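Below: one structure, written as structure tokens.
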Amino acid sequence: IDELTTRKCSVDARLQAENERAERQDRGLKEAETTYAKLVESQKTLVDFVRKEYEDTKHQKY
Amino acid sequence: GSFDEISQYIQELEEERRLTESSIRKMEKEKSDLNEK
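Which chain is which? The protein sequence lines are D and C, in order.
Under the deposited numbering, read the first sequence as residues 44 to 105, first letter to last.
Under the deposited numbering, read the second sequence as residues 7 to 43, first letter to last.
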């Protein structure tokens, strides 16, 4: 019974610790998947002034 | 370029999140096995 109680404590200690370890990454990824939308706008923004730099040269050609 | 590389690693981390949950649920089943015995 002590062996099983130690097994129960060993399982329960990892059980709750893994839940906290998983949820801290999971909730962090929820902001990270939201950051993907920001990265979608970031890709939109970065290419925007790249074409503006092209347009900075393009209208000079006119 | 950084938009895709970061997002791709997010999916891999999200894949690990499901893997951690599977171990968590199995640990509860292992705990239930200990409880029954």
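Built from N, CA and C at the ideal position, the CB exists for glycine as well.
How big is the Cα-Cα spacing for residue i and residue j?
i: residue 17 of chain C; j: residue 92 of chain D; result: 29 Å
i: residue 99 of chain D; j: residue 78 of chain D; result: 30 Å
i: residue 7 of chain C; j: residue 21 of chain C; result: 22 Å
i: residue 43 of chain C; j: residue 52 of chain D; result: 14 Å
i: residue 48 of chain D; j: residue 83 of chain D; result: 51 Å
i: residue 63 of chain D; j: residue 87 of chain D; result: 36 Å
i: residue 105 of chain D; j: residue 90 of chain D; result: 22 Å
i: residue 14 of chain C; j: residue 95 of chain D; result: 28 Å
With distances taken from CA atoms, which of the options is nearest residue i?
i: residue 19 of chain C; options: D:52, D:67 and D:47; result: D:67
i: residue 23 of chain C; options: D:44, D:80, D:71 and D:95; result: D:71
Do residue i and residue j have their C-beta atoms closer together than 8 Å?
i: residue 25 of chain C; j: residue 54 of chain D; result: no
> Counting Cβ pairs closer than 8 Å, one from the segment 48–59 of chain D and one from the segment 29–39 of chain C, do we hit at least three?
Replying inline: Flag = yes, the segment 48–59 of chain D and the segment 29–39 of chain C touch.
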